[PDB]
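Student:
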Amino acid sequence: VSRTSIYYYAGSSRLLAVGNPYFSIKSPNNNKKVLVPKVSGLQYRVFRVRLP
Amino acid sequence: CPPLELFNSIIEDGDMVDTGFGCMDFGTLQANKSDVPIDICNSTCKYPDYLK
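Which chain is which? The protein sequence lines are C and B, in order.
Going left to right, the first sequence walks through residues 28 to 79 as the authors' numbering numbers them.
Going left to right, the second sequence walks through residues 185 to 236 as the authors' numbering numbers them.
Put into structure tokens, the structure is as follows:
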């Protein structure tokens with residue numbers, strides 16, 4: 028692999044993430060209908076970023 | 185449960201920093217007026233937004 032002399036920037040502007048800190052709740056109607064998602068301060072935040 | 189929204193404004197003096205209880209407006213989002221000390225209960229606390 029040969030290094031060239033070109034560089035670039037990537038912009039990934041602010042993310043929204045709110046919900047219940049304890050568990051997740053779902054609908055009484057179905058069982059796959061999420062209502063507010065479980066998000067805590069202990070969750071494994073893993074990102075999957077594409078590249079052009 | 186009321187939905188949460190990200191507001192942003194200008195800091196003026198007399199207003200307080202966060203005290204570990206969430207950067208939010210305690211006056212309109214609480215009703216009991218009995219969850220925080222009396223210093224911040226009728227006001228809102230702010231915090232910087234360094235990346236913005």
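Backbone N, C-alpha and C define an ideal beta-carbon position, used for all residues, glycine too.
1) Is DSSP giving C:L62 helix, strand or coil here?
2) Would you call the segment 185-204 of chain B and the segment 218-233 of chain B touching, i.e. three or more CB-CB distances under 8 Å?
3) Under 8 Å: do the segment 205-222 of chain B and the segment 66-77 of chain C share three or more Cβ pairs, one atom per stretch?
4) Taking the Cβ atom as the reference point for each residue, do C:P48 and C:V61 lie within a distance shorter than 9 Å?
5) In this structure, how does DSSP classify B:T212 when only helix, strand and coil are distinguished?
6) Is the Cβ-Cβ distance between C:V63 and B:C185 less than 9 Å?
7) What does DSSP give as the partner residues of B:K236 in its beta bridges?
Tutor: This is what the structure holds:
1) C:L62: strand per DSSP, three-state reduction.
2) Touching, yes.
3) Taking 8 Å as the limit for Cβ pairs, the verdict is that the segment 66-77 of chain C does not touch the segment 205-222 of chain B.
4) Not in contact: C:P48 and C:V61 (Cβ atoms no closer than 9 Å).
5) Under the three-state reduction of DSSP, B:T212 is assigned to helix.
6) With contacts defined as CB atoms closer than 9 Å, C:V63 and B:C185 qualify as a contacting pair.
7) Under DSSP, B:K236 forms no beta bridge with any residue.
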